[PDB]
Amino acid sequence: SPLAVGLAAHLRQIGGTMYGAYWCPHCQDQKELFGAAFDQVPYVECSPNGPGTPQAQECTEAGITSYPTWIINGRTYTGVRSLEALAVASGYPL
């Protein structure tokens, strides 16, 4: 998707970051909106050790309490967001 690639680059450039868990269905749904374009999106893995385990120190210290959580322009957006919603949050056109 041209929108997905353009938006992903934009998120990378402004440091818009997704915090999630590789095994979390919502996180998987979020990545799937981007498809392969997700490769550019800054992503923090909060659960490298899997379900039920204490999350990554960086996630606890960032105050992550749900997956996915986006931090974009210092603003916090919890849960899955459409490409359109992420464009609006990040100031990416159309």
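In this text, residue numbers run from 1 along the sequence as written.
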| query | finding |
| --- | --- |
| Mean C-alpha B-factor comparison - 36-44 and 64-72, higher one | 64-72 |
| Between the two ranges 75-83 and 5-13, the one averaging a larger CA B factor in the entry | 75-83 |
| Among modelled residues of the same chain, the CA temperature factor third for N49 | highest |
| Within-chain third of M18 by Cα B-factor, per the entry | lowest |
